[PDB]
Amino acid sequence: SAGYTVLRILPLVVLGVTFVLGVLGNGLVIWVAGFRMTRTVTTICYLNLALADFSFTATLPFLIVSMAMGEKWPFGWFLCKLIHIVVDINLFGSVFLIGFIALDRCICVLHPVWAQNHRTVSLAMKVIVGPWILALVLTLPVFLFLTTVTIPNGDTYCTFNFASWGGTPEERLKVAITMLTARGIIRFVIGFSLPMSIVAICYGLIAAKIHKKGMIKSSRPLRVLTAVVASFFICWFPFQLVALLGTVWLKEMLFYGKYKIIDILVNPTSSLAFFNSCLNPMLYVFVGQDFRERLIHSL
Amino acid sequence: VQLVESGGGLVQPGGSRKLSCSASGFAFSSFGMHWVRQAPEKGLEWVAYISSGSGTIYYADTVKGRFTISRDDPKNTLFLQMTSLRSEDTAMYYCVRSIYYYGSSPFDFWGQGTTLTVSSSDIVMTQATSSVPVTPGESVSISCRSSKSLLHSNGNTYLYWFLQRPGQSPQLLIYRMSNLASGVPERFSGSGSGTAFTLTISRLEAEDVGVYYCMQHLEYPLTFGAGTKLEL
Amino acid sequence: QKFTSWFX
Amino acid sequence: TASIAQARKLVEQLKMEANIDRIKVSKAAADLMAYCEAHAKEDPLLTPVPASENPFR
Amino acid sequence: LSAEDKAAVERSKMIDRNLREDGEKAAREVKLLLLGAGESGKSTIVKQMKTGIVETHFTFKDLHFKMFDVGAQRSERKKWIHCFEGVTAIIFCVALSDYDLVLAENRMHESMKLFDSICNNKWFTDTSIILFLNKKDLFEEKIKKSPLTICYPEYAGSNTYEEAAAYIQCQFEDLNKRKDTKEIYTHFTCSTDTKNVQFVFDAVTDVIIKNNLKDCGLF
Amino acid sequence: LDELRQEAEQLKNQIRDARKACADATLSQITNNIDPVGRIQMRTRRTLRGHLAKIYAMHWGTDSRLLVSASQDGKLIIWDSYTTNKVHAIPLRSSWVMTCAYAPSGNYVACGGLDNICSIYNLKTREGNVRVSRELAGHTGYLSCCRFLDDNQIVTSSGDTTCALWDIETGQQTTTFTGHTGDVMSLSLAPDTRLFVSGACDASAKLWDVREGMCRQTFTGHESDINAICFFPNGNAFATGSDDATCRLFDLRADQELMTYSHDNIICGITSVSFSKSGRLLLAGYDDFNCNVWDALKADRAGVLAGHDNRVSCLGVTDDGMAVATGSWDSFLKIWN
Ligand SMILES: CCCCCCCCCCCCCCCC(=O)O
Ligand SMILES: CCCCCCCCCCCCCCCC(=O)O
């Protein structure tokens, strides 16, 4: 157990760094890109990504004490349900709006005339709820089934229950393997595989166009391009692989165990997945010179 | 600027009718429109109101549910769908335009009206004297009293005066208790304190005879007075 | 029947 | 000559620029000092106005 | 609060809907500032795109254009050149046949004096310039009977059309003291060309892409 | 021959010796005994939003509640400053406006700019829309300022170096003022509507007579183009504003400069100049995105207004002195008190 002490507290130090950098990194974006800059389609997409990360980062003190206690939940039933609703929505809202910023930036560069003619601030606010409605639809597993459970020792943990839906206790577990495989598939396919296929394609089609047309006169195009597609990869792919391998082997771990590495790595890889929320102001909003000019004249 | 209404006639009770008010000669889309009825040998009372762009629609408590107002801005027509007509709905229905900004003169133009025959709380405005004997040349003073103080907190006193000549539509004389409308002479003057008001005419002419109607615009429903008739 | 709920 | 037309109307203008009556600046400065002293109480920017007399609360 | 006041807010809330709607129709229009020293081919260009400021509206490949001709009124440029700060591109036309002609006091030298006052202006530090070098069909008159040494005594070069016209293009692009913020697009015109509105379309599409990339931080 | 040229130079020597003969004591010397104004702290009471481009001019009404504003989006918005309500939104036939005027009766608004046309609009029509009353055409240069004398008389400035008094009903200019050398940039009518001053780009402000059409006085203190001008409420003085980073007060009776309002930290041009109701505070817009208020009798900076993110293009104090409106290139029109 010599090195496992690091693997236990290394999620805690990363979730604390992204808390003190999240509410300051995203709260700066809600301040000047929401109230001190004029409304643009680009600023609306940066604002909704900031609210998707700021409201998630406000729930990190509740998660950092649940992770420290070893999944023991000291809070109530209402804070168990509300925070995991707010975490899931705003994590799905963080990923789906990263893919919306990319489709915007690709239509703007690949088809420039359609953006001048059809892309506007009024159309931006009506299509921006698309990532948010898809978050509330996909978070309905949590509303319905995340309930505080008490084990006999008296510890309260926040997990799911399906005995109220199955009725019979042996075939209530048939429902339990059913939706947890349905949760793990929509986490990877809709939650990872779809916006990674949007980010890698659209930021690759942008670099295919600007290199062909010779718009590179510095290294600043290709480095911000490769920062976005790599930060969306190296933060989310350690988490979405150990959650997919978990879904592939759910029966083997629950019914018979035998796969410890999957469980030991969830707290480590989820902390790297939550570190993307403090990187999204620095990679999407802080890069532009127009935003940095408005921050120094507002402080 | 003219408003000619159509759709009146003799309706059996319990029936339905659609009054239409066709506007011409002004910006119909910028004006909020009202319907004001006038029962035979009775005073005016407000029916419905639709705003510019159909965003605010108000009805009287007598006609709520039964009557439906609507407007068509590309066609410059104003509609009042009437359903389940009672015996108290026999009236001459007027089409009134009203624009609302700072310094505006609402209720400025009234339509000529259509006669509907059906073949069978609120600020009370007590225009006390019903008839005044007068002869041309001297001054007259028409008094009006309200159940509530019409002086709002912004400094405005929402009293509106109207004059209905015999056989004619009502016309605006004084809007907001001290401002004479465009087209009326300087003989008419208005003063008031918030609950009691007066309309003074300096030198009376044969043009100035008719029934003088008091009106409030502090809150909906807009209620009228019973009428003060001037005879000569 | 113990599945520590994974966030996502 | 087009130059003599620009010259003569400029000279004729500068004559009426010269023959105007001029008072001392010490009288001209004291009159602006007198106007500002008389209308000082009626200035809502020189002194702050109470919020009851202010329409811009 | 009052009935009349509520309808006044409803009038104002119907006005800012119309101001927001008219502001979207203006953002779809590409604004272009058309300049040029004298009659250097401004009249031939506006026929190709087909008492004060004169605006010309034209569409090409689903893109609305607004072209402002401000050479019709003569005053100090310094007091109204800040009205065109947010223009998409400046169309500066120079007649290539104006290297031999002298005005009353050299006519290509006054085009270079008008160019560096516009290219190096503080209001146009990031605005692209589409430089139309008009009247190349006066090859047949001018450059054979009179060399380019009349206006450029520094130049010996060659008296062919292609290398003399490339020297005039280079002498207009060397006045650009801002090489990293703005770009000069140069096209030659003979007043019998149908492809002049296409070169403006390819220039603005580069500017629209570059302006979109500066908003997203990629530039 | 050329003796008319040299006669003009000793005529300028006679004027300069007449100005120096009256210069006994400066305005800074007289006002050493008067009390200094405390640091004026005006806060933003109302921000008027709705413009989508650079606001170029505003003008208050005589009711001190309604103000019109001109912007490059092609819109002329009449605001209710008490409740931030938009009374009217007038589309313009050319979006290149540079000035706007509100009639003293409230019936009319004017605008003009790079179209060289002063368009008078009718606000009090029997129809509910604002119509174009007249279009004053003949001015051959960009129209820099316009100010209403009456409902039928409007004076304009243009960049054709001339000012012109117009008759609105006939649509013809009745009096042309052709004394200036450079482009005339600003107007200011006197309170008795008999005289007006006009600053131009030849660093000279001229006092004009409306009835006669003659240049009464000429003031030559500045170093560059006078962008702003404003009469004192007395009518015997006016202040200018230039790209010298210098405002200065002239007197029509002493016929010379009285006081210079300049600070060494300011190196930017003045775009707009307005006076208070007493004339004690001289307010000046700047290209440093601020509006500095100046105690107009002591030449010290009494305060600053700093709520704008771009160049303060226009500035106006109400007739009752309650508010100061500040418009700027960031599409905002701020009310200060
Ligand atoms: C399950 C699908 C995954 C892949 C999704 C790909 C999304 C489309 C990416 C390209 C969008 C832009 C297409 C070209 C637009 C144009 O230039 O007209
Ligand atoms: C296929 C699943 C993912 C879909 C993601 C969104 C796809 C958007 C498709 C349209 C993109 C291009 C829009 C402009 C097209 C044009 O006008 O040329």
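Numbers run from 1 along the shown chain.
The header says electron microscopy, 2.9 Å.
Cβ coordinates come from backbone N, Cα and C, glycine included.
What Swiss-Prot lists as deamidated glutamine is E:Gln73. According to Swiss-Prot, the ADP-ribosylcysteine annotation covers E:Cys216. Feature annotation from Swiss-Prot assigns region 'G1 motif' to E:31-44. Taken from Swiss-Prot, the feature region 'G4 motif' covers E:130-137.
Residues E:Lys50 and E:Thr51 bracket an unmodelled region of 127 residues, and their Cα atoms lie at a distance of 20 Å. Sorting the region 'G4 motif' (E:130-137) by DSSP state (H, G, I as helix; E, B as strand; all else coil) yields 2 helix, 5 strand, 1 coil. For the region 'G1 motif' (E:31-44), residue counts in helix, strand and coil come to 3 helix, 6 strand, 5 coil, using DSSP. Residues E:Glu105 and E:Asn106 bracket an unmodelled region of 4 residues, and their Cα atoms lie at a distance of 9 Å.
Rounded to a whole number, the C-alpha distance linking E:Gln73 (deamidated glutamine) with E:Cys216 (ADP-ribosylcysteine) is 39 angstrom.
For E:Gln73 (deamidated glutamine), other Cβ atoms within 10 Å of its Cβ number 21.
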